[PDB]
Structure formats: structure tokens, C-alpha cells
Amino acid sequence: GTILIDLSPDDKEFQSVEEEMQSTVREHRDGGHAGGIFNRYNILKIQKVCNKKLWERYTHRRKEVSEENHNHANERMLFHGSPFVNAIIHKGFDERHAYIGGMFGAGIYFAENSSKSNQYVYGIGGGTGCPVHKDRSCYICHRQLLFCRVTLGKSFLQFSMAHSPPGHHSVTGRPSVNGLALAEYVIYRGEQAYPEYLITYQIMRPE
């Protein structure tokens, strides 16, 4: 049931999605080991992901969360990187997209920094890098991220599939050492995210 609509680079929506991609690149403590060395991306395509069943699954859970949290879904747009982008856009998020070994337990992880999600496109820790050249810093091969609508509801704040902490709908990983890092977020039900944009890109070699 999924269809992908290409956005024009002239479309304000393409432009606002690209700006969130580009403006949330940071340097990483691994010096580029997992995700490569880059300060910016070459955006090749941005597609809107349209699936009625999946959307209605999302908005149903969103209303449940909202009614449990004084009519506040606490909805964010966040990045997700994974080698299973194609399963996600067609069948939705579920337990098979959980990061079992993540620092907040087995849940589905999202990032405010696009460059954080970029580290997971080829696997945990970047895996063995691109399938073609086995390079985690490949500047040639096309990568994909999701920019997703995520319902956080009442989020458990951690300074730093399973269930959410009692009385909470998600976990927030607040950075407490690296002053430049943005937050990461974990949900424990696939229905609390909808994969709204598929972004196809390359990382760009710094000059």
C-alpha cells in the first residue's frame, strides 16, 4: 500500500526537510569511524511516504497517547537510520527494527542529529560500510535516511521489544558530556512513529 512521491527541489517542503538534514550534522566522538568523515550532504532525492493503513495506525496510537497526557502527543520530527529502510516504508516500524543492544534497552531509536542516524544506515556502528566498497566513509554510494513523525508523549528523561518505563511513553537520552550533541529518543511501540520522508543522499568529502 505504500507509494513514494518525489518532491521537487523547488518545493518548500523539500527545502525545509533538506535544511533539517544539513543543519543537524555534528562531529562525532568516533572521529567518523561509524558514519564517515563529512560536514554536509549531497541530497539526491526526497520522497514523501504515503500509506493509509500505516498513517491510520500512527494517528490511532497518537490519540491514545494524547488522551493519557493532557491532550499532548508531544510529537517530534526525528531521523532514523537503518539498513531496513525498505521494510520500514512498506510495513511500518515493528519489533524487528528494535535496537536490542541500545543504551536504553530494546526499542526503536531516533535522533535529532541527522549525522547520528547516518552512523546506523549500514548497520550498528556502521557495520562493514557500503555493500559495494565495504567503506563506512563511502563518498560514492547512495544512502537513505528516514525523517519520521514520532509521538513521544510523556518521556522518561535519562541523563547520559522492551517496555517503556512505567507511566511513560518513550525515553529521552539527554546528552550530559558532549555539549554539542542533540538528544536521542526511544519508543517501544512501532505505531508511535510514521516514516514520513525518505531522503536519499551522499556524505560529502570535506575540502
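Heads up, when I say rigid core I mean the largest set of C-alphas that superpose within 1.5 Å between the two forms. Throughout, we count residues from 1 along the sequence that is shown.
Each structure in 9 other deposited structures of this protein is fitted to the shown form on the rigid core, and of 106-114 and 88-96 the C-alphas lie farther away on average for 88-96. Core-fitted comparison in 9 other deposited structures of this protein shows that, between 46-54 and 167-175, the CA atoms farther from the shown form belong to 167-175. When the other compared entries with both flanking residues are checked, residue 158 is modelled in all of them, not unmodelled in a third. In the deposited sequence, the stretch from residue 176 to residue 177 has no residues without coordinates, so the chain runs on without a break. When the mean C-alpha temperature factors of 65-73 and 162-170 are read from the deposited coordinates, 162-170 comes out higher. Higher mean CA temperature factor between 5-13 and 179-187: 5-13, per the PDB entry. For residue 113, the recorded CA B-factor ranks within the lowest third of the chain. Only modelled residues enter the ranking. Ranked by C-alpha B-factor against the other modelled residues of its chain, residue 79 falls in the lowest third. In this PDB entry, residue 149 carries a Cα temperature factor that places it within the lowest third of its chain's modelled residues. Per the PDB record, residue ranking by Cα B-factor puts residue 86 in the highest third of the chain. Per-chain ranking of the deposited C-alpha B factor places residue 137 in the middle third.
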